[PDB]
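Peer 1: So that we are looking at the same thing, I have put the structure below in structure tokens.
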Number of protein chains: 4
Amino acid sequence: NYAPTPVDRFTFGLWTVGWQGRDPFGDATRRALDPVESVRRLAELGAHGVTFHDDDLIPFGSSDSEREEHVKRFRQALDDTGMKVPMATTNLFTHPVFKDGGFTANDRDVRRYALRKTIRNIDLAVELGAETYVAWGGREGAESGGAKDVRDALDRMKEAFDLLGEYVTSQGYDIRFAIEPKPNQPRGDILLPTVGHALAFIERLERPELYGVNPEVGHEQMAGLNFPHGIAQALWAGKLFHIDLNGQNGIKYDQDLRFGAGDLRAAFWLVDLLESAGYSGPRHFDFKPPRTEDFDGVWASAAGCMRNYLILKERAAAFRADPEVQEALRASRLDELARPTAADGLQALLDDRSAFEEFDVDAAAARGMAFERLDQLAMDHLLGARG
Amino acid sequence: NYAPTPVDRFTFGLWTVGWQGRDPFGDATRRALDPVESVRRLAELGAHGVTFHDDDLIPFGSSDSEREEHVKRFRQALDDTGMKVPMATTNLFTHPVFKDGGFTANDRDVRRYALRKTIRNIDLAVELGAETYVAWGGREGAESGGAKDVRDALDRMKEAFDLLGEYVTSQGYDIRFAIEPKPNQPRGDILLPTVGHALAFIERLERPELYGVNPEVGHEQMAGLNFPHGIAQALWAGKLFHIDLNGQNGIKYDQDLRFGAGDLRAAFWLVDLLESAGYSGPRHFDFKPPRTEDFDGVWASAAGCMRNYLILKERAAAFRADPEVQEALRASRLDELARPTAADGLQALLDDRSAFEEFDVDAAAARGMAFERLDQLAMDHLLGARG
Amino acid sequence: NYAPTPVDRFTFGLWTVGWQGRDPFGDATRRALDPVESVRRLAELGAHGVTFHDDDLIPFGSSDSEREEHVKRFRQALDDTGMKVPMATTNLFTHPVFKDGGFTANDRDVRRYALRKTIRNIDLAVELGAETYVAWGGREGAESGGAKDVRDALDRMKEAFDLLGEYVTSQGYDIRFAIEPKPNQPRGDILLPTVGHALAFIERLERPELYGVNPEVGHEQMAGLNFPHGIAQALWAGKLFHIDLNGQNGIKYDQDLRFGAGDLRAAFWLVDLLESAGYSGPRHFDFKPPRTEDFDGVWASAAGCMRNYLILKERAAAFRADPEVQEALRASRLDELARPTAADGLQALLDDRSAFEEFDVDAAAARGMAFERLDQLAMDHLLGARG
Amino acid sequence: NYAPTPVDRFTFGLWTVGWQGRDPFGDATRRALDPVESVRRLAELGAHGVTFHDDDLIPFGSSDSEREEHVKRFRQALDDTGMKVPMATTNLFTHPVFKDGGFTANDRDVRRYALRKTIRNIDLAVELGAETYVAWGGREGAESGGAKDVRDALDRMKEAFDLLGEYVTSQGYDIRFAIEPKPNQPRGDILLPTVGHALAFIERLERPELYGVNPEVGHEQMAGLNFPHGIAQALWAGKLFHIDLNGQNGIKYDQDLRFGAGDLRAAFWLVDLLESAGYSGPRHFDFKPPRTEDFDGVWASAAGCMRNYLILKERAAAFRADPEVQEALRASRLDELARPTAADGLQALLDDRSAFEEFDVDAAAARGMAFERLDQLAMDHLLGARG
Ligand SMILES: [Mg+2]
Ligand SMILES: [Mg+2]
Ligand SMILES: [Mg+2]
Ligand SMILES: [Mg+2]
Ligand SMILES: [Mn+2]
Ligand SMILES: [Mn+2]
Ligand SMILES: [Mn+2]
Ligand SMILES: [Mn+2]
Ligand SMILES: [Mn+2]
Ligand SMILES: [Mn+2]
Ligand SMILES: [Mn+2]
Ligand SMILES: [Mn+2]
Ligand code: NA
Ligand code: NA
Ligand code: NA
Ligand code: NA
Ligand code: NA
Ligand code: NA
Ligand code: NA
Ligand code: NA
């Protein structure tokens, strides 16, 4: 039961199942995986595709001949399995040169290098068929207040993204960018810390249509925010170009638990929203099998990501299709929420005594919302305990 | 020392010093204050002005004659003291009718009433000379996932703000709106939970120039965010129309401590930013003297808000003016951060071997940022411990 | 399905279903309930009993004749329904006199009054058959560092609890005390902020056997802690005298959501632990139907507390009884965790080359824990998705 | 000004200034330091001593001859500088063998090895003159609920600490143990997550007098707790055997900022408490110079730890010595808090009409606490802004 299919579009970063287990306090617990191995094993589990940072696929500093051979082997694995590459990204965070940032490093020479490193990988992403190019600016930020003038850093961040937009336009590429917010870690505070901040920033770019967000479940939860609500705002803005699925237990370091772990009810409401809205992008997992696990546990954890999505999809669909739930939604006036407040227009509203002088505030206030019964129907559906 | 002056533009809500001390677990500890008393006492402390919700100035449900008398007495107090009213707002949160929201209540009749209540108070705000009209949507949100379709709620929130913009335009008013984010409390999650989300929303309004943000120190800190960074993004966007100053100890219920309490170093960096950027708006305190205090403690707490701002202003100015700090800022390349990455343009960057093939990444990575010495100069300046 | 029974021992505070909906920003949305009404309605839902603060049952300041009549009516309702009263507590937080504390108020006269108020209610609790007397010191703490010397406050807190222990011993009562930790709210920081701090404090009382903890799900989660882990430590110490069940979404104000809401997987692991350990005390709900609800929603929310406990009990029992789970627990070495490390004794351990010189650390490190497969079996059992 | 002296007893872990800068997302930015270098540089800054994990001083897996040479070189550096070694600890977290724990690993063979590794290093600590042996169980815990039975793990943790106590007793050593709590990171939840939980656990050991706590500023703040309050409880219990000083910005990953950074006012109240209580132990810094820094920044950051302690010591002493503050403390009844509630005894309290029938609750409730004026005097003293 709960078998992944190609139409599910489940994807995984090479760096997810390939995470060797090094953490702030501990050495690696697993050997490095050849990307070819990961492609073949993920395909066997029913995944649709993989994603990569440049330096996951091509060791940093590789010669041109080494780069060609790494890509050739990877493409053979994709061809052997039918796996796709819908998204790629740049590693602008691991190498010491990026310790104060890539696009917003105080040193101008580093900013220029970061752009050139990204541009090289955009070309490769396009060659591999990627539709989306993610940017997670994990080193953009500060540990102290004097170190980073945020207005100047935002100017540099806009300049960088504008140059990348000019680049893809000039090459006729169809790829689009997706900015991944995170509030902190590894910097004390990261620039563009939430979906909202990233959405706002995009509106000030020269070609805003080329940019959207890549929100990650656990990152919004590191600020204690409601991830489904943030996804709703991104969908409302037309900017949900990609998504990173995982689990997180609240306000901690970025745990990258398998999807469904962490906040299970938020996972339910997320799946309900994505499916109801008809989100058509990859269901991408940015997760880490815990370092306690051997490779059998790696593949079990990856399989669990997909399984949990599919269970939640079933339960959310059953919730929405249940005539008792539909009745409860009407009892709670969800239908009214979807109607305009004043399609009659401002003057009619100003002239409407039923909206002021003749509005019975105490009668209105007496009406219960019936939200608790609705939420218990949702719980019963999630748990398969209807009756 | 540290005496407030009119040019400081310190303002206070009537509901701040007037808070009677009722909390989720406790009854009021102080009697209600007449707004006239608060105006006169705040003026004696050196405040510039006050702000109000409709229902702070005019008891809810007042007749027209009662409304006139309350406003007349208030205006006499303002005239007697020289106090100004730069901002006003609507209470769309206390009355039970607003239990599921004002502008985004599921019930359409409530949404219409909320708009009419706001419009009536915009007229009064203009009559009192207010330049800014704040909206804190404290009841907009949910405790459960099925209760609120966030895309529909954002449609209703946009409709409401668009109608208000049409209203002020039609009346020829110069007032502008400032949306106040908060992540949670009193709703389990509040819509537009951070500065970023509010900035993004504004960009989708029909007349975006009429709307900005009113960020509150403690509200961003309830999501664990860096308040100075968020203010920098608002300034970068041209949207810092007003600000609420207070203190908060991290991720808790909204404490509304006096300004300078809570995160003292964030208060320092905030003042540094506001002064450096030339922010010209009110320095408004949205705070609550703790319920442990009698009225002498109320006025001490209000005086402390202003005193702490002025101490921090002095220390931040001394930091920025110190030639040793200026040298440290250059050592940390803050000057380079402010220079364009690639004013030479995209093609020149692509052709520049110094940005890629000839970039010595290991030499760059070896350069220290010297951020710790800079931050210790900042600490020494804050504490008055230079030497 | 999932029908409560008397052996379930589900109990509710009068103040839970009786919460009128006043919050930091909003007036009451529901009328006050007569305790008699609550007893009868809860009995109809299958509850076992209720609990009370003194001032929930007897209005503060009541005369002796008024007190007798309130108790008489309540006892008739208990007799009419078969409902029990297993626990009672004192309100040492609502009245303004307690603004700086009860037992740890700086004012000595207030500390003495708090003790006398508690002692009067202990007598009533015993008359009603209560086995446990809870103390939640919600006003014990501070908003500022100079206001409360914590060593002195702990001396006063110990003195108070020691006097109460002397009192019950002198009267021959069998009741025992349960201290309820909370980290903050309504004070900026509350003394004894977690289960651990309360357990440690108890060990320093004169008669430690008379005192245990009353942990509350949401309170430990307000510090981001693992509630099942804290309950395990309380059980390990022999100190889980009572428990408060509810839901919470992380690090926020105390939400008091119905049990099962908030962190659903933590609710699952809690029920698993309580049932596995054979906890025999009340399953008490300290929750608040949201103020959006009318009385039908109040009773739906209360019913949901019990329903969710019973669903989780079923799923946890099925998890533990599943031979595949039992095999997975052995694969993960949970059996070894339960065996002594060195029952052979210290000298044998020191002499055992297999523990040092001949321990193959790399072979040990290569063994996977298989925790992810175990956790996915747990997820499948919780969701009723085995297959 | 603010020059460290030997009587200040400032100490640093080898792993602090020696941190190479590897984080969850980034490679090392600094070369490894020879411990001899660190001893000499710290001595030049005015430090009193260093501390070490076994594997900081002796590379893991060293032969006996290699171990002797590493210790000999280290001791020469200590002799050359006058530096002391007051504390040592075991690394039971870096090596992959410890991925599920040391003392509470599910695998019994790992638990036995962890004990033998610790015992070997206790012998070395004693040879170097250490008075305290710290244990930070960073791998004790879980990412999932089924992986770790916490009651069984606490049994194993008690068994381990009891064996270590038997060991030191049998060898006649004067060293004592200090358990270092942390709530999470690197495990999803860590056992003994706070000062309170560790204090409670110690009370159940066979020889409780041999064990205390080593609280760390940032670790308690990762649960949003008040670090000065927790230190007060440890002092009240007689269990503050050692302390780790650093800075933290709230509920995040463990930042290990220099002391004084992070929550500056909590640092002030901590120093006030340690000095007022006469804490006589090391002022030990467990911090990490940010990876942005070169070695000059490492030493600047270490110097800043000591400087900030000394500034705060001066300001706290001036606060306590100021006759205006002493008057404010009396106005706030801090003197009464330190007096017994009922030295007259229980029967006298029960017979005292002034404690109940004749207690004027409304007159008591009207008295203000004057805490805001007291706290503003504290702020003025911290900032050197008295006047
Ligand atoms: Mg619709
Ligand atoms: Mg500039
Ligand atoms: Mg057992
Ligand atoms: Mg004393
Ligand atoms: Mn992540
Ligand atoms: Mn991601
Ligand atoms: Mn606030
Ligand atoms: Mn505000
Ligand atoms: Mn609670
Ligand atoms: Mn409770
Ligand atoms: Mn730490
Ligand atoms: Mn430490
Ligand atoms: Na700039
Ligand atoms: Na979209
Ligand atoms: Na709509
Ligand atoms: Na602006
Ligand atoms: Na005392
Ligand atoms: Na127990
Ligand atoms: Na055991
Ligand atoms: Na001590």
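Cβ sites come from the backbone with ideal geometry, for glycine too, and all protein chains shown count toward neighbours. Each value in this text was obtained by applying a stated rule to the coordinates, not by laboratory testing.
Peer 1: Filtering segment B:145-198 down to residues that are among the acidic types (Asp, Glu) and outside any helix (DSSP H, G or I), which residue is farthest from residue C:248 (Cα to Cα)?
Peer 2: B:174
Peer 1: Which of (1) closer than 30 Å to residue C:293 by Cβ; (2) not in a helix (DSSP H, G or I) does residue B:50 not meet, given it meets every other one?
Peer 2: Checking residue B:50 against (1) closer than 30 Å to residue C:293 by Cβ; (2) not in a helix (DSSP H, G or I), the one that fails is (1).
Peer 1: Has segment A:335-349 got at least one residue that is touching a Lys or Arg at 6+ places or on another chain (Cβ under 9 Å), crowded, with 17+ Cβ neighbours inside 10 Å and of a type in the set (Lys, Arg)?
Peer 2: Start the filter on segment A:335-349 by keeping residues that are touching a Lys or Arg at 6+ places or on another chain (Cβ under 9 Å), which leaves A:336-342, A:349.
If we keep only those that are crowded, with 17+ Cβ neighbours inside 10 Å too, we end up with A:336-337, A:341-342, A:349.
Those left that are additionally of a type in the set (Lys, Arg): none.
Taking every residue of segment A:335-349 in turn, none turns out to be touching a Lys or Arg at 6+ places or on another chain (Cβ under 9 Å), crowded, with 17+ Cβ neighbours inside 10 Å and of a type in the set (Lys, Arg).
Peer 1: Quick one: how many residues across segment C:62-111 are part of a loop (DSSP other than H, G, I, E, B) and either closer than 26 Å to residue C:40 by Cα or out of contact with any helix residue (DSSP H, G or I) (no Cβ under 9 Å at 6 or more places or on another chain) (or both)? Walk me through how you get there before you give the answer.
Peer 2: Pass one, segment C:62-111, residues part of a loop (DSSP other than H, G, I, E, B): C:62-63, C:82-83, C:90-95, C:99-107.
Then drop every residue that is not either closer than 26 Å to residue C:40 by Cα or out of contact with any helix residue (DSSP H, G or I) (no Cβ under 9 Å at 6 or more places or on another chain) (or both), which leaves C:62-63, C:82-83, C:90-91, C:93.
Residues meeting the conditions: 7.
Peer 1: Within segment C:336-344, is even one residue among the aliphatic types (A, V, I, L, M), touching a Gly at 6+ places or on another chain (Cβ under 8 Å) and free of Cβ contacts under 8 Å to residues at least 12 places away in the same chain?
Peer 2: The answer is no, given that none of the residues of segment C:336-344 is among the aliphatic types (A, V, I, L, M), touching a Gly at 6+ places or on another chain (Cβ under 8 Å) and free of Cβ contacts under 8 Å to residues at least 12 places away in the same chain.
Peer 1: Are any residues in segment A:168-196 touching a residue at least 60 places away in the same chain (Cβ under 8 Å), over 24 Å from residue A:146 (Cβ atoms) and either among the charged types (D, E, K, R) or within 11 Å of chain B (Cβ to nearest Cβ) (or both), and if so, which ones?
Peer 2: Passing the criteria: A:176, A:180.
Peer 1: Ok, one more. In the list C:235, C:205, C:199, C:210, which residue meets the criterion of being buried (at least 24 other Cβ atoms within 10 Å of the Cβ), more than 16 Å from ligand 9 (Cβ to nearest atom) and touching a residue at least 40 places away in the same chain (Cβ under 8 Å)?
Peer 2: Checking each option against the conditions leaves just C:199.
Peer 1: Let me ask something else about it. Between C:176, C:151, C:139, which is within 29 Å of residue D:369 (Cβ to Cβ) and either out of contact with any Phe, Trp or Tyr (no Cβ under 8 Å at 6 or more places or on another chain) or surrounded by fewer than 22 Cβ atoms within 10 Å (Cβ to Cβ) (or both)?
Peer 2: C:151
The rows are residues; the columns are (1) farther than 26 Å from residue D:163 by Cα; (2) within 14 Å of chain A (Cβ to nearest Cβ); (3) within 16 Å of ligand 9 (Cβ to nearest atom).
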residue: C:323; (1), (2), (3): yes, no, no
residue: C:337; (1), (2), (3): no, yes, no
residue: C:360; (1), (2), (3): no, no, no
residue: C:364; (1), (2), (3): no, yes, no
residue: C:370; (1), (2), (3): yes, yes, no
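Peer 1: Determine, yes or no, whether residue D:382 is over 30 Å from residue B:372 (Cα atoms) and either touching an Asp or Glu at 6+ places or on another chain (Cβ under 8 Å) or assigned to a helix (DSSP H, G or I) (or both).
Peer 2: Numbers: over 30 Å from residue B:372 (Cα atoms): no; either touching an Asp or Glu at 6+ places or on another chain (Cβ under 8 Å) or assigned to a helix (DSSP H, G or I) (or both): yes.
No.
Peer 1: Right, next: Could you tell me which residue of segment D:284-316 is nearest to residue D:255 (Cα to Cα), considering only residues that are facing chain B (nearest Cβ under 7 Å) and among the acidic types (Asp, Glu)?
Peer 2: Filtering segment D:284-316 for residues that are facing chain B (nearest Cβ under 7 Å) and among the acidic types (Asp, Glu), the one nearest to residue D:255 (Cα to Cα) comes out as D:293.
Peer 1: Looking at the structure I just gave you, is residue D:267 of a type in the set (A, V, I, L, M, F, W, C), crowded, with 23+ Cβ neighbours inside 10 Å and in contact (Cβ under 8 Å) with a residue 24 or more places away in the chain?
Peer 2: On the way: of a type in the set (A, V, I, L, M, F, W, C): yes; crowded, with 23+ Cβ neighbours inside 10 Å: yes; in contact (Cβ under 8 Å) with a residue 24 or more places away in the chain: yes.
Yes.
Peer 1: Sticking with this one: Could you tell me which of the residues D:56, D:109 is within 30 Å of residue D:143 (Cα to Cα) and away from chain C (no Cβ under 13 Å)?
Peer 2: Result: D:56 is the single residue among D:56, D:109 that is within 30 Å of residue D:143 (Cα to Cα) and away from chain C (no Cβ under 13 Å).
Peer 1: Hey, can you tell me all the residues within segment B:359-377 that are surrounded by 20 or more Cβ atoms within 10 Å (Cβ to Cβ) and outside any helix (DSSP H, G or I)?
Peer 2: Scanning segment B:359-377 gives B:368, B:369, B:370.
Peer 1: Would you confirm whether or not segment B:34-41 contains a residue that is in a loop (DSSP other than H, G, I, E, B) and touching an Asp or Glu at 6+ places or on another chain (Cβ under 7 Å)?
Peer 2: No, because not a single residue in segment B:34-41 is in a loop (DSSP other than H, G, I, E, B) and touching an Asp or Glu at 6+ places or on another chain (Cβ under 7 Å).
Peer 1: Given C:288, C:313, which one is under 22 Å from the mean Cα position of the chain (by Cα) and surrounded by fewer than 21 Cβ atoms within 10 Å (Cβ to Cβ)?
Peer 2: Details: C:288 fails: surrounded by fewer than 21 Cβ atoms within 10 Å (Cβ to Cβ).
On inspection, the qualifying residue turns out to be C:313.
Peer 1: Would you please list the contacts, defined by Cβ atoms under 9 Å and residues six or more apart or on different chains, that run from a residue in segment B:275-290 that is under 27 Å from residue A:149 (Cβ atoms) and more than 16 Å from ligand 17 (Cβ to nearest atom) to a residue that is β-branched (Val, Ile, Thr) and assigned to a loop (DSSP other than H, G, I, E, B)?
Peer 2: Listed by first residue and then by second, the contacts come to B:279/B:243; B:281/B:243; B:282/B:243; B:283/B:243; B:284/B:243.
Peer 1: Tally time: how many residues in segment B:87-106 are within 12 Å of chain A (Cβ to nearest Cβ) and crowded, with 23+ Cβ neighbours inside 10 Å?
Peer 2: Result for segment B:87-106: 10.
Peer 1: Only residues that are surrounded by fewer than 18 Cβ atoms within 10 Å (Cβ to Cβ) and either within 14 Å of chain C (Cβ to nearest Cβ) or free of Cβ contacts under 8 Å to residues at least 12 places away in the same chain (or both): list them for segment B:1-20, please.
Peer 2: So in segment B:1-20, the residues surrounded by fewer than 18 Cβ atoms within 10 Å (Cβ to Cβ) come out as B:1-3, B:5-8, B:20.
Across segment B:1-20, the qualifying residues are B:1, B:7, B:20.
Peer 1: Within segment B:130-144, can you find the residues that are small (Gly, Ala, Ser), more than 25 Å from residue B:86 (Cα to Cα) and either within 16 Å of ligand 10 (Cβ to nearest atom) or in a loop (DSSP other than H, G, I, E, B) (or both)? Working first, answer last.
Peer 2: If we filter segment B:130-144 for residues that are small (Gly, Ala, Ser), which is where we start, we get B:130, B:135, B:137-138, B:141-142, B:144.
Now restrict to residues that are more than 25 Å from residue B:86 (Cα to Cα): B:141-142, B:144.
Selection gives B:144 alone.
Peer 1: Looking only at segment D:1-33, which residues are of a type in the set (S, T, N, Q) and either under 17 Å from residue D:310 (Cα atoms) or touching an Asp or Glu at 6+ places or on another chain (Cβ under 7 Å) (or both)?
Peer 2: Within segment D:1-33, D:1, D:5, D:11, D:16 qualify.
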